[PDB]
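Participant: So here's target.txt, just compact mmCIF, N, CA and C atoms:
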# COMPACT_ATOMS: atom_id res chain seq x y z
N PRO T 111 32.25 82.36 -105.49
CA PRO T 111 32.50 83.75 -105.16
C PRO T 111 31.20 84.54 -105.08
N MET T 112 30.34 84.31 -106.06
CA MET T 112 29.05 84.99 -106.11
C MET T 112 28.23 84.69 -104.85
N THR T 113 28.32 83.45 -104.40
CA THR T 113 27.59 83.03 -103.22
C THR T 113 28.05 83.83 -102.00
N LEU T 114 29.34 84.09 -101.96
CA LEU T 114 29.92 84.84 -100.85
C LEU T 114 29.34 86.26 -100.85
N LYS T 115 29.16 86.79 -102.05
CA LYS T 115 28.62 88.13 -102.21
C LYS T 115 27.24 88.20 -101.54
N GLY T 116 26.46 87.15 -101.77
CA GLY T 116 25.12 87.08 -101.20
C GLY T 116 25.17 87.12 -99.67
N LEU T 117 26.21 86.51 -99.13
CA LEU T 117 26.39 86.47 -97.69
C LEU T 117 26.96 87.80 -97.21
N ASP T 118 27.70 88.44 -98.10
CA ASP T 118 28.31 89.72 -97.78
C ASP T 118 27.22 90.71 -97.36
N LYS T 119 26.13 90.69 -98.10
CA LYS T 119 25.01 91.57 -97.81
C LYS T 119 24.50 91.29 -96.40
N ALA T 120 24.63 90.04 -95.99
CA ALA T 120 24.18 89.63 -94.67
C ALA T 120 24.83 90.53 -93.62
N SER T 121 25.98 91.08 -93.98
CA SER T 121 26.71 91.96 -93.08
C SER T 121 25.81 93.11 -92.63
N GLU T 122 24.87 93.46 -93.49
CA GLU T 122 23.94 94.53 -93.19
C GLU T 122 22.93 94.08 -92.14
N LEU T 123 22.60 92.80 -92.19
CA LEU T 123 21.65 92.23 -91.24
C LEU T 123 22.17 92.45 -89.82
N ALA T 124 23.49 92.44 -89.69
CA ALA T 124 24.11 92.63 -88.39
C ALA T 124 23.87 94.06 -87.92
N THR T 125 23.50 94.91 -88.87
CA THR T 125 23.23 96.31 -88.56
C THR T 125 21.77 96.65 -88.85
N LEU T 126 20.93 95.62 -88.78
CA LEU T 126 19.51 95.80 -89.04
C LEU T 126 18.93 96.75 -88.00
N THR T 127 17.71 97.19 -88.27
CA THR T 127 17.03 98.11 -87.37
C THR T 127 15.54 97.76 -87.28
N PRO T 128 14.83 98.51 -86.39
CA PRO T 128 13.40 98.29 -86.21
C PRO T 128 12.60 98.86 -87.38
N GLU T 129 12.96 100.07 -87.77
CA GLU T 129 12.28 100.73 -88.87
C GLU T 129 12.45 99.92 -90.16
N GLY T 130 13.69 99.50 -90.40
CA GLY T 130 14.00 98.72 -91.59
C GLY T 130 13.51 97.28 -91.43
N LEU T 131 13.32 96.88 -90.19
CA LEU T 131 12.86 95.53 -89.89
C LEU T 131 11.50 95.30 -90.57
N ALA T 132 10.68 96.34 -90.54
CA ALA T 132 9.36 96.27 -91.14
C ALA T 132 9.47 96.58 -92.64
N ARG T 133 10.41 97.45 -92.96
CA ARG T 133 10.63 97.84 -94.34
C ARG T 133 11.77 97.02 -94.95
N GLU T 134 12.95 97.21 -94.39
CA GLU T 134 14.13 96.50 -94.87
C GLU T 134 13.81 95.01 -95.05
N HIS T 135 12.96 94.51 -94.16
CA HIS T 135 12.57 93.11 -94.21
C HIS T 135 11.99 92.79 -95.58
N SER T 136 11.04 93.62 -96.00
CA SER T 136 10.40 93.43 -97.29
C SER T 136 11.43 93.55 -98.41
N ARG T 137 12.24 94.59 -98.32
CA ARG T 137 13.27 94.83 -99.32
C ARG T 137 14.41 93.82 -99.16
N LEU T 138 14.81 93.62 -97.91
CA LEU T 138 15.88 92.69 -97.61
C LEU T 138 15.41 91.26 -97.90
N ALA T 139 14.11 91.14 -98.12
CA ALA T 139 13.52 89.84 -98.41
C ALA T 139 13.13 89.78 -99.89
N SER T 140 13.46 90.85 -100.60
CA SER T 140 13.15 90.93 -102.02
C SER T 140 14.36 90.48 -102.84
N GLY T 141 14.32 90.80 -104.13
CA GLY T 141 15.40 90.43 -105.03
C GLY T 141 16.72 91.07 -104.59
N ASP T 142 17.67 90.22 -104.23
CA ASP T 142 18.97 90.68 -103.80
C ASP T 142 18.93 90.97 -102.29
N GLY T 143 17.71 90.97 -101.76
CA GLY T 143 17.52 91.23 -100.34
C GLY T 143 18.67 90.64 -99.52
N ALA T 144 19.25 91.49 -98.68
CA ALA T 144 20.35 91.06 -97.83
C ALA T 144 19.87 89.96 -96.89
N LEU T 145 18.62 90.09 -96.47
CA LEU T 145 18.03 89.11 -95.57
C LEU T 145 17.79 87.80 -96.33
N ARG T 146 17.30 87.95 -97.55
CA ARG T 146 17.02 86.79 -98.39
C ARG T 146 18.32 86.22 -98.95
N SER T 147 19.21 87.12 -99.35
CA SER T 147 20.49 86.72 -99.90
C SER T 147 21.31 85.99 -98.84
N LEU T 148 21.09 86.38 -97.59
CA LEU T 148 21.80 85.77 -96.48
C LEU T 148 21.47 84.28 -96.42
N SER T 149 20.18 83.98 -96.54
CA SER T 149 19.72 82.61 -96.50
C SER T 149 20.20 81.86 -97.76
N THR T 150 20.11 82.56 -98.88
CA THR T 150 20.53 81.98 -100.15
C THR T 150 22.04 81.78 -100.18
N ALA T 151 22.75 82.82 -99.74
CA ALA T 151 24.20 82.77 -99.71
C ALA T 151 24.65 81.58 -98.87
N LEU T 152 23.87 81.30 -97.83
CA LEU T 152 24.18 80.20 -96.94
C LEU T 152 23.99 78.88 -97.69
N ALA T 153 22.82 78.75 -98.31
CA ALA T 153 22.51 77.54 -99.06
C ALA T 153 23.55 77.34 -100.16
N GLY T 154 24.03 78.46 -100.69
CA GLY T 154 25.02 78.42 -101.75
C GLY T 154 26.33 77.81 -101.24
N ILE T 155 26.60 78.04 -99.97
CA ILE T 155 27.81 77.52 -99.35
C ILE T 155 27.63 76.03 -99.05
N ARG T 156 26.40 75.68 -98.70
CA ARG T 156 26.08 74.30 -98.39
C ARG T 156 26.50 73.38 -99.55
N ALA T 157 26.34 73.90 -100.76
CA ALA T 157 26.69 73.15 -101.95
C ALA T 157 27.76 73.91 -102.73
N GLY T 158 28.26 74.97 -102.11
CA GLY T 158 29.28 75.79 -102.74
C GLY T 158 30.66 75.49 -102.16
N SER T 159 30.65 75.02 -100.92
CA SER T 159 31.89 74.69 -100.24
C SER T 159 32.21 73.21 -100.42
N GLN T 160 33.49 72.93 -100.61
CA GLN T 160 33.94 71.56 -100.79
C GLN T 160 34.35 70.94 -99.45
N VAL T 161 33.70 71.42 -98.40
CA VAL T 161 33.98 70.93 -97.06
C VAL T 161 32.66 70.68 -96.32
N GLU T 162 32.53 69.47 -95.81
CA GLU T 162 31.33 69.10 -95.08
C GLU T 162 31.08 70.08 -93.93
N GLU T 163 32.16 70.68 -93.46
CA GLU T 163 32.07 71.64 -92.37
C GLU T 163 31.31 72.89 -92.82
N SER T 164 31.59 73.30 -94.04
CA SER T 164 30.94 74.48 -94.60
C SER T 164 29.43 74.26 -94.65
N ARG T 165 29.05 73.09 -95.13
CA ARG T 165 27.64 72.75 -95.24
C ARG T 165 27.04 72.53 -93.85
N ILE T 166 27.81 71.87 -93.00
CA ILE T 166 27.37 71.59 -91.64
C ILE T 166 27.19 72.91 -90.89
N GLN T 167 28.14 73.81 -91.09
CA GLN T 167 28.10 75.10 -90.44
C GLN T 167 26.97 75.95 -91.02
N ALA T 168 26.85 75.90 -92.34
CA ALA T 168 25.82 76.66 -93.03
C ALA T 168 24.45 76.05 -92.71
N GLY T 169 24.38 74.74 -92.84
CA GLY T 169 23.14 74.03 -92.57
C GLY T 169 22.64 74.31 -91.15
N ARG T 170 23.57 74.23 -90.21
CA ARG T 170 23.24 74.48 -88.81
C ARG T 170 22.60 75.86 -88.65
N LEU T 171 23.08 76.79 -89.47
CA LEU T 171 22.57 78.15 -89.43
C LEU T 171 21.21 78.20 -90.14
N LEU T 172 21.15 77.54 -91.28
CA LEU T 172 19.92 77.50 -92.06
C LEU T 172 18.82 76.83 -91.24
N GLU T 173 19.25 75.97 -90.32
CA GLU T 173 18.32 75.26 -89.47
C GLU T 173 18.19 75.96 -88.12
N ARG T 174 19.02 76.98 -87.93
CA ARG T 174 19.01 77.74 -86.70
C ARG T 174 17.71 78.55 -86.59
N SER T 175 17.29 78.77 -85.35
CA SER T 175 16.08 79.52 -85.09
C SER T 175 16.43 80.96 -84.71
N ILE T 176 16.34 81.84 -85.69
CA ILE T 176 16.64 83.25 -85.47
C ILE T 176 15.40 83.96 -84.93
N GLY T 177 15.63 84.80 -83.93
CA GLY T 177 14.54 85.54 -83.32
C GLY T 177 13.36 84.62 -83.00
N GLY T 178 13.66 83.34 -82.89
CA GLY T 178 12.64 82.35 -82.60
C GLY T 178 12.08 81.74 -83.88
N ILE T 179 12.54 82.28 -85.00
CA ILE T 179 12.09 81.79 -86.30
C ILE T 179 13.30 81.29 -87.09
N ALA T 180 13.14 80.09 -87.64
CA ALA T 180 14.21 79.48 -88.42
C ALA T 180 14.89 80.56 -89.26
N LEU T 181 16.20 80.40 -89.43
CA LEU T 181 16.98 81.34 -90.21
C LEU T 181 16.40 81.42 -91.62
N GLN T 182 16.06 80.26 -92.16
CA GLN T 182 15.51 80.18 -93.50
C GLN T 182 14.30 81.12 -93.62
N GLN T 183 13.77 81.50 -92.48
CA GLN T 183 12.62 82.39 -92.44
C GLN T 183 13.07 83.85 -92.54
N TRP T 184 14.15 84.14 -91.83
CA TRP T 184 14.70 85.49 -91.82
C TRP T 184 15.43 85.71 -93.14
N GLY T 185 14.88 85.13 -94.20
CA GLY T 185 15.47 85.26 -95.52
C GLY T 185 14.40 85.13 -96.61
N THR T 186 13.15 85.31 -96.20
CA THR T 186 12.04 85.23 -97.13
C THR T 186 10.76 85.76 -96.48
N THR T 187 9.88 86.28 -97.32
CA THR T 187 8.62 86.83 -96.84
C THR T 187 7.54 85.74 -96.84
N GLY T 188 6.56 85.94 -95.97
CA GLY T 188 5.46 84.99 -95.86
C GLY T 188 5.84 83.82 -94.95
N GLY T 189 6.87 84.04 -94.16
CA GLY T 189 7.35 83.02 -93.24
C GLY T 189 6.88 83.31 -91.81
N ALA T 190 7.51 82.63 -90.87
CA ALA T 190 7.18 82.81 -89.46
C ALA T 190 7.86 84.07 -88.93
N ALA T 191 9.04 84.33 -89.47
CA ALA T 191 9.80 85.50 -89.06
C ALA T 191 8.94 86.75 -89.22
N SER T 192 8.22 86.79 -90.33
CA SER T 192 7.35 87.92 -90.62
C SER T 192 6.35 88.12 -89.48
N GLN T 193 5.79 87.00 -89.02
CA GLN T 193 4.83 87.03 -87.94
C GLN T 193 5.51 87.42 -86.63
N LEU T 194 6.71 86.89 -86.44
CA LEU T 194 7.48 87.16 -85.24
C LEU T 194 7.68 88.67 -85.11
N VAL T 195 8.07 89.29 -86.21
CA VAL T 195 8.31 90.72 -86.23
C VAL T 195 6.97 91.45 -86.08
N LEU T 196 5.93 90.84 -86.62
CA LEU T 196 4.60 91.41 -86.55
C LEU T 196 4.25 91.69 -85.09
N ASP T 197 4.85 90.91 -84.21
CA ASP T 197 4.61 91.06 -82.78
C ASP T 197 5.59 92.08 -82.21
N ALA T 198 6.84 91.64 -82.07
CA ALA T 198 7.88 92.50 -81.53
C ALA T 198 8.38 93.44 -82.64
N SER T 199 8.63 94.68 -82.25
CA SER T 199 9.11 95.68 -83.19
C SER T 199 10.38 96.33 -82.65
N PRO T 200 10.22 97.08 -81.53
CA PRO T 200 11.34 97.76 -80.91
C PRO T 200 12.23 96.77 -80.16
N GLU T 201 11.59 95.81 -79.51
CA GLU T 201 12.31 94.80 -78.76
C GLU T 201 12.93 93.77 -79.71
N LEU T 202 12.14 93.37 -80.69
CA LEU T 202 12.60 92.39 -81.66
C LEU T 202 13.85 92.93 -82.36
N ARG T 203 13.77 94.19 -82.77
CA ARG T 203 14.89 94.83 -83.45
C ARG T 203 16.12 94.83 -82.55
N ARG T 204 15.87 94.83 -81.24
CA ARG T 204 16.95 94.84 -80.27
C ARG T 204 17.51 93.43 -80.09
N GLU T 205 16.61 92.50 -79.82
CA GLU T 205 17.00 91.11 -79.63
C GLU T 205 17.26 90.44 -80.98
N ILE T 206 16.29 90.56 -81.86
CA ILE T 206 16.40 89.97 -83.19
C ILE T 206 17.70 90.44 -83.84
N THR T 207 17.93 91.75 -83.76
CA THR T 207 19.13 92.33 -84.33
C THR T 207 20.38 91.77 -83.65
N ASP T 208 20.32 91.73 -82.33
CA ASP T 208 21.44 91.22 -81.55
C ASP T 208 21.75 89.79 -81.98
N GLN T 209 20.68 89.05 -82.26
CA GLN T 209 20.83 87.66 -82.69
C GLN T 209 21.34 87.60 -84.13
N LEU T 210 20.83 88.51 -84.95
CA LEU T 210 21.22 88.58 -86.34
C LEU T 210 22.73 88.83 -86.43
N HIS T 211 23.18 89.77 -85.62
CA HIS T 211 24.59 90.12 -85.60
C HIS T 211 25.42 88.89 -85.23
N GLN T 212 24.89 88.11 -84.30
CA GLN T 212 25.56 86.91 -83.85
C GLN T 212 25.49 85.82 -84.93
N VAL T 213 24.38 85.84 -85.66
CA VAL T 213 24.18 84.87 -86.72
C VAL T 213 25.26 85.05 -87.79
N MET T 214 25.55 86.30 -88.09
CA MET T 214 26.55 86.63 -89.08
C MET T 214 27.95 86.23 -88.60
N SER T 215 28.14 86.33 -87.29
CA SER T 215 29.42 85.99 -86.69
C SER T 215 29.79 84.55 -87.04
N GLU T 216 28.82 83.67 -86.89
CA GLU T 216 29.04 82.26 -87.18
C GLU T 216 29.18 82.05 -88.69
N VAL T 217 28.44 82.85 -89.44
CA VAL T 217 28.48 82.77 -90.89
C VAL T 217 29.89 83.10 -91.38
N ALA T 218 30.54 83.99 -90.65
CA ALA T 218 31.89 84.40 -91.00
C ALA T 218 32.83 83.20 -90.88
N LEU T 219 32.55 82.36 -89.89
CA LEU T 219 33.36 81.18 -89.66
C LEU T 219 33.24 80.25 -90.87
N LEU T 220 32.01 80.02 -91.29
CA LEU T 220 31.75 79.16 -92.43
C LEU T 220 32.17 79.87 -93.71
N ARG T 221 31.91 81.17 -93.74
CA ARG T 221 32.25 81.98 -94.90
C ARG T 221 33.75 81.88 -95.19
N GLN T 222 34.54 82.19 -94.17
CA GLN T 222 35.98 82.14 -94.30
C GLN T 222 36.43 80.74 -94.72
N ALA T 223 35.68 79.75 -94.25
CA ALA T 223 35.99 78.37 -94.57
C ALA T 223 35.85 78.15 -96.08
N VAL T 224 34.81 78.76 -96.63
CA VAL T 224 34.55 78.64 -98.06
C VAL T 224 35.68 79.32 -98.84
N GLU T 225 36.01 80.53 -98.41
CA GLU T 225 37.06 81.29 -99.06
C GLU T 225 38.38 80.52 -99.02
N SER T 226 38.55 79.76 -97.95
CA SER T 226 39.76 78.96 -97.78
C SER T 226 39.81 77.87 -98.85
N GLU T 227 38.64 77.33 -99.16
CA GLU T 227 38.54 76.28 -100.16
C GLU T 227 38.74 76.86 -101.56
N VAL T 228 38.04 77.95 -101.82
CA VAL T 228 38.14 78.61 -103.12
C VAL T 228 39.51 79.27 -103.25
N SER T 229 40.06 79.65 -102.10
CA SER T 229 41.36 80.29 -102.08
C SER T 229 42.46 79.27 -102.38
N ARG T 230 42.37 78.13 -101.71
CA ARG T 230 43.34 77.07 -101.89
C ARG T 230 43.43 76.69 -103.37
N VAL T 231 42.29 76.78 -104.04
CA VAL T 231 42.22 76.44 -105.46
C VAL T 231 43.26 77.27 -106.22
N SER T 232 43.67 78.36 -105.59
CA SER T 232 44.65 79.25 -106.20
C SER T 232 46.05 78.93 -105.66
Using structure tokens, write down the structure that the file contains.

Facilitator:
Amino acid sequence: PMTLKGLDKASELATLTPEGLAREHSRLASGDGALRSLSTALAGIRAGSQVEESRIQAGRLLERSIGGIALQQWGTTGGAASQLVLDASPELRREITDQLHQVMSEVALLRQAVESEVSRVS
């Protein structure tokens, strides 16, 4: 459940911005960071879900290249994503954001899958 919460914050990533991209990134990449939690929440599902699909779906995302930078990057500072943003700002926020929103879309598929497993337990 806690892992899902981490992914829940990812919902904000779908509403990321350019201004916050430079700032939110740092914060979103900090403790509890929605950007960082997104990557963590995903990893949590990889070993949090009792379905190979959850891990496969999560893994595929964790291995996915967001904004041209691995997703695992759009969830931590000092990565390639940081450099990617260092270049594009207004456009990145447009494309990167558009991609982020889409990234969460797929996460919802895996997310719901996890809830289904934890739900079935009930």

Participant: Write out as a tab-separated table the residues of region 164-219 of chain T that have any atom within 6.5 Å of an atom of region 134-155 of chain T, one row each with the nearest atom pair and its distance in Å to one decimal, counting all atoms listed in the file, sorted by chain and then rising number.

Facilitator:
residue	atom	partner	partner_atom	distance
T:164	C	T:155	C	5.1
T:165	CA	T:155	C	5.0
T:168	CA	T:152	C	5.5
T:169	N	T:152	C	6.4
T:181	C	T:149	CA	6.0
T:182	CA	T:149	CA	5.7
T:184	C	T:145	C	4.5
T:185	CA	T:145	C	3.5
T:186	N	T:146	CA	4.7
T:187	N	T:139	CA	5.2

Participant: Mind pulling up the distance from atom C of residue 177 (chain T) to atom N of residue 201 (chain T)?

Facilitator: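 We find that atom N of residue 201 (chain T) and atom C of residue 177 (chain T) lie 11.9 Å from each other.
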
Participant: Give me the residues within 7 Å of region 189-191 of chain T as a ChimeraX atom specification, counting all atoms listed in the file and dropping any in the same chain fewer than 3 places off.

Facilitator: /T:178-180,183-184,186,194-196

Participant: Next, write the just-selected residues to a file, as a compact mmCIF listing (two decimals), keeping the file's coordinate frame, keeping N, CA and C atoms as the atom set.

Facilitator:
# COMPACT_ATOMS: atom_id res chain seq x y z
N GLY T 178 13.66 83.34 -82.89
CA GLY T 178 12.64 82.35 -82.60
C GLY T 178 12.08 81.74 -83.88
N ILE T 179 12.54 82.28 -85.00
CA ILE T 179 12.09 81.79 -86.30
C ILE T 179 13.30 81.29 -87.09
N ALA T 180 13.14 80.09 -87.64
CA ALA T 180 14.21 79.48 -88.42
C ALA T 180 14.89 80.56 -89.26
N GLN T 183 13.77 81.50 -92.48
CA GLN T 183 12.62 82.39 -92.44
C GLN T 183 13.07 83.85 -92.54
N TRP T 184 14.15 84.14 -91.83
CA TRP T 184 14.70 85.49 -91.82
C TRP T 184 15.43 85.71 -93.14
N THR T 186 13.15 85.31 -96.20
CA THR T 186 12.04 85.23 -97.13
C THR T 186 10.76 85.76 -96.48
N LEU T 194 6.71 86.89 -86.44
CA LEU T 194 7.48 87.16 -85.24
C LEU T 194 7.68 88.67 -85.11
N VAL T 195 8.07 89.29 -86.21
CA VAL T 195 8.31 90.72 -86.23
C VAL T 195 6.97 91.45 -86.08
N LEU T 196 5.93 90.84 -86.62
CA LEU T 196 4.60 91.41 -86.55
C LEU T 196 4.25 91.69 -85.09

Participant: Pull the alpha helix (DSSP H) assignments for chain T out of DSSP run on the backbone, and list those residues as a PyMOL selection string.

Facilitator: chain T and resi 112-123+128-132+134-138+144-156+162-172+190-197+200-230

Participant: Which distance in Å separates atom N of residue 124 (chain T) and atom N of residue 199 (chain T), to one decimal?

Facilitator: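 Distance between the two atoms: 16.8 Å.
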
Participant: Give the strand (DSSP E or B) residues of region 155-216 of chain T, as assigned by DSSP on the backbone, as a PDB file with N, CA and C atoms, in the frame of the given file.

Facilitator:
ATOM      1  N   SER T 175      17.290  78.770 -85.350  1.00  0.00           N
ATOM      2  CA  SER T 175      16.080  79.520 -85.090  1.00  0.00           C
ATOM      3  C   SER T 175      16.430  80.960 -84.710  1.00  0.00           C
ATOM      4  N   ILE T 176      16.340  81.840 -85.690  1.00  0.00           N
ATOM      5  CA  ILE T 176      16.640  83.250 -85.470  1.00  0.00           C
ATOM      6  C   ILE T 176      15.400  83.960 -84.930  1.00  0.00           C
ATOM      7  N   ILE T 179      12.540  82.280 -85.000  1.00  0.00           N
ATOM      8  CA  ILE T 179      12.090  81.790 -86.300  1.00  0.00           C
ATOM      9  C   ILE T 179      13.300  81.290 -87.090  1.00  0.00           C
ATOM     10  N   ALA T 180      13.140  80.090 -87.640  1.00  0.00           N
ATOM     11  CA  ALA T 180      14.210  79.480 -88.420  1.00  0.00           C
ATOM     12  C   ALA T 180      14.890  80.560 -89.260  1.00  0.00           C
TER      13      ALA T 180
END

Participant: Using all atoms listed in the file, which of the listed residues (T:173, T:158, T:232, T:122) sits closest to residue 210 (chain T)?

Facilitator: T:122

Participant: Measuring between only C-alpha atoms, which one of T:202, T:214, T:176, T:224 shows the shortest distance to residue 112 (chain T)?

Facilitator: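 That would be T:224, the residue with the smallest distance to residue 112 (chain T).
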
Participant: One number please: atom N of residue 132 (chain T) to atom C of residue 205 (chain T), in Å, one decimal.

Facilitator: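 Atom N of residue 132 (chain T) sits 13.0 Å away from atom C of residue 205 (chain T).
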